[PDB]
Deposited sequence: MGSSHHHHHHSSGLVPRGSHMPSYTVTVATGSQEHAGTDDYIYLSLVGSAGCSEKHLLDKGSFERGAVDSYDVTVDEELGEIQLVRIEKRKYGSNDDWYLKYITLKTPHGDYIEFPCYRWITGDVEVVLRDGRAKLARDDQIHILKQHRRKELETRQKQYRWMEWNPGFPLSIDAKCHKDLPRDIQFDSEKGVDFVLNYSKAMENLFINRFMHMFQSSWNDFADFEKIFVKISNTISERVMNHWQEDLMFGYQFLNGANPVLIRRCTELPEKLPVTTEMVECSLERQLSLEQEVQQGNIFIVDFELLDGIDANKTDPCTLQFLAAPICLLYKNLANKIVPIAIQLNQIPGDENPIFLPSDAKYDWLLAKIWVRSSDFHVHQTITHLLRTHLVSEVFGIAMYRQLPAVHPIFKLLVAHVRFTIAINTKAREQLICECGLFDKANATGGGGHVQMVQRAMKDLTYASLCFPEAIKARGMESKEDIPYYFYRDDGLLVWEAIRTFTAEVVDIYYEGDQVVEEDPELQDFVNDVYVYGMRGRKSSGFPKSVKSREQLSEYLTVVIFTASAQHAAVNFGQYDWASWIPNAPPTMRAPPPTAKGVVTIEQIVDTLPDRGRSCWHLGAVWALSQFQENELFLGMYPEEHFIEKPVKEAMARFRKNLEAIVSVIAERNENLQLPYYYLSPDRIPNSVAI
C-alpha cells in the first residue's frame, strides 16, 4: 500500500480507506513557511488509490523556515473523483517531523489549507499567516454550514433540503450507503416478510398467525418478550431497563387527575400500608403521558382509523423491590368513560390497558427520547461546532468524532422518513403530523439540566440504588457519564490553564452562543448557557455533548428490535379507540386493534434496520482519525479507554447474574456518535 516517489522535504500523503476515497485527478501541494511559500508542486501523476500511502521528495527553490501551513489543490483529470485525504506529514530538511491532520473530502472546488496538528486557541496565534488562515476558515465554514428551520418550533438544523446538497465533508461515504428507503426495504427481505409489505387493510388472523412469522426472525430478548410480554413484571421492567427507560418518576403525591384509592389497589399492596402511606414511603411510581394529550392521530389512510391515548400508569415497588403496574387510566381527564383499569379486572381489560401504555411509550420513545433528544440535539452541537470552531481548535478535535455522520443521518431522515408522506407515516399512529406536534410540545421542556445525566436521574427521584435496586440504565449511565466527565475534564485542563482563558476564548463563546440562539431558539427557559466561563462549566458542557451523542443515543436506539419486534409489546399504531368500559373487550377485538399485516412489516423492517451496527463501527473512545497528535491528550485518551474497559467488566459481571442482561450501555457497544 506504500508508494515512494523519488525525484528537500519528504511529503507523506495518506488517502482514506472508504470505498470512493481514491482519486485520479491532479494533486498540487504547496508549503507555507514563516520565511516564504514554496512553489506549487504536482505530486507525481497517477492515482492516489483507496488506502494508499504515497511519499514524495520535494525540493524547494529557497529556505522556508518553520512550516505553518500546507496547501492542497485538486485539479481535474477526466471527471470529478472526490478524494478523501486523511493526513499529510512532512520531514523537513532540518530533520523535523510535522503532522497535518485533514480527514476531509477534497473535491476540485477549493484549495484545502491545513495547520499542523498541535491544538491551538485563538490566543495562541499571534502572527498574520495563522490569524488570517483561522479567520478565513471560519468565514468559509459559516458560508457552508448554515442554520435552517425545518419545521416550526423545532431546534434549527442544517440548511440543506437533501443529503446530496450537504457539504461533501458531512455526507455519508456514499449517497446510498446509509439510506432509509433502501435499508428498510432490505430489512423486509432479510426478515422474509416482503409479501405483506403493502397489505395495509388485512389483520393477522390471531396471535398464532403472527407468531408463525415472528419465530423465524426473533433474537434472544425479543423471544423472551414474546413468551413473557403479558406479565406485569415484564411490563414494569421495561420502564427501567427497556428501550425507553427515561419516563418513570417517583411519585410524591397522587395527582388529582388520577382518582385512585387504596380499596381499588389493595390487592396489589403488600406492606399493610394504605396507598397514601406507600406514596409517602417512596414505594409508588408514575409514568404520565400528558405530552400525548391532544396530538393528532394519523389520518393518512382513510380506510384505517388510527388512535392515540395519553395514559397515566401508576406503579408499585413490591416486597421483592420490583416495580409493577397497579393502575392505568388511559386518558388524562377522569370520568366514567375513562376507567381506571387494574390487575384485578377481567384478563383482557388489563392486558389491553397495558398494550395502550406500551403503544404510548413507543410514540414518546421514537419522537422525543430518540429523535428530538438525541438526534436533533446532537445535530445542533455539530452545526455549532462546524460554524464556530476551526479544525485546529482543541474542542473541534475532541468533538468532531462524536458528531460523525449526525447531520447526514438527520438529513436523510428529513428527506425520506419524517417528512410529509415519508416512511414514518406508514406504520405509526403519530404519523401525518402528530409527531411534529409532539416535538413542538417537548421543546418547551428540553432543558440543559435534563441532559445532565446525574441531575436528570435525581430530578425524577430515581437516584437511590438502595431504594430502587434494579435500574441498570441508571447504574451504567452514571458510570459512563463519569468516564466522559473525567476525560473531558482532563482535555480541558491541558488546553485551558484557567477560567479566564475559557471565558476569553471567542470561538468557544460563539460555539455556545450558536447552540443557545439557533439550536435552542434563544429560549431563556431552556437553561442552556449563553457563555461558558470556567473549566468546570466547559467540562460539563462537553460531557453533555459527548454523552448525548454516544451513550444516550445507544441506550435508546439499539434495543429497538429487542423490545419492539414483538409487536404487542410496542404497537406503532392502534386501529380502535381505547376501551371506555370494563367487561367488553375480547381477544379477537384486540387482534383487530393491533397493527395490520402491512404496518407490522414496515414496523419490523424499521426497528431491525435502525438497530444495526456497521461492520467497522467506531465505539466509544476509538479515535482512528488522529486530529489530536500531542502526547498529553493521547495519554488522556488512553486513560479514557482504560476507564471504559473497567466499565465493560463491571457490566459483564453484573449481567452474568441477571435473567435479562442489560448491555446497551456497555462501552464496547456504544458508538462514538449518532450515525443511525
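- Annotation: deposited residues 1-2, 10-22 are not represented by C-alpha coordinates in the model.
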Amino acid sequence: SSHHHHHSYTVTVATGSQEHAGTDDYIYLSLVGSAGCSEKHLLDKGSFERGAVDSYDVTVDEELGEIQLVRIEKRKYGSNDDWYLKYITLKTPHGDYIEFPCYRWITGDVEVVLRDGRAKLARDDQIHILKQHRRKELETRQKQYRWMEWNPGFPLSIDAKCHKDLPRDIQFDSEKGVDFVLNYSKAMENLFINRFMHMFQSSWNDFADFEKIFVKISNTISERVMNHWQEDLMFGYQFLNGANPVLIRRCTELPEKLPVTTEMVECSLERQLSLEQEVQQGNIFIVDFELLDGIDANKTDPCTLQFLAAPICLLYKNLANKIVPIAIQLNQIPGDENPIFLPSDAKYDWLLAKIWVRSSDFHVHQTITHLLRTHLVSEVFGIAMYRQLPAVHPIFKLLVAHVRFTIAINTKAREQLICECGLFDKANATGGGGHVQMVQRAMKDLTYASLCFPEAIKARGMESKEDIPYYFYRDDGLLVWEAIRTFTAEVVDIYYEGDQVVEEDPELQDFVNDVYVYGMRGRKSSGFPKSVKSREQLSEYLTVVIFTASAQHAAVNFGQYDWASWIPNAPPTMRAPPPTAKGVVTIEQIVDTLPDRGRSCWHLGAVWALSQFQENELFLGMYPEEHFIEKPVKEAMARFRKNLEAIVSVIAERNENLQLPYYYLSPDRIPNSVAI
From here on, numbers count along this sequence of modelled residues.
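In this text, the rigid core denotes the largest set of C-alpha atoms whose superposition between the two forms falls within 1.5 Å.
- Here 73-81 and 463-471 are scored by the root mean square distance of their C-alpha atoms in 5 other deposited structures of this protein, with each structure fitted by the rigid core; the higher score goes to 73-81.
- Of the other entries compared for this protein that flank it with modelled residues, all give atoms for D159, so not even a third lack it.
- Compared with the other entries of this protein, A122 is consistently built, present in every one of those that build its neighbours rather than absent from a third.
- When the mean C-alpha temperature factors of 606-614 and 31-39 are read from the deposited coordinates, 31-39 comes out higher.
- In this entry, the higher average B-factor at the C-alpha atoms falls on 92-100, of the pair 454-462 and 92-100.
- Of the residues listed, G527, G382, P311, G422, the entry assigns the biggest Cα temperature factor to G422.
- Within the listed group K120, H133, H363, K161, the record reports its top CA B-factor for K161.
- Sort the modelled residues of the chain by CA B factor and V110 lands in the highest third.
- Per-chain ranking of the deposited C-alpha B factor places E507 in the lowest third.
- Looking at the C-alpha B-factors along this chain, the one for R597 belongs to the highest third.
- Annotation for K634: CA B-factor lies in the middle third of the chain's modelled residues.
- Per the PDB record, residue ranking by Cα B-factor puts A675 in the middle third of the chain.
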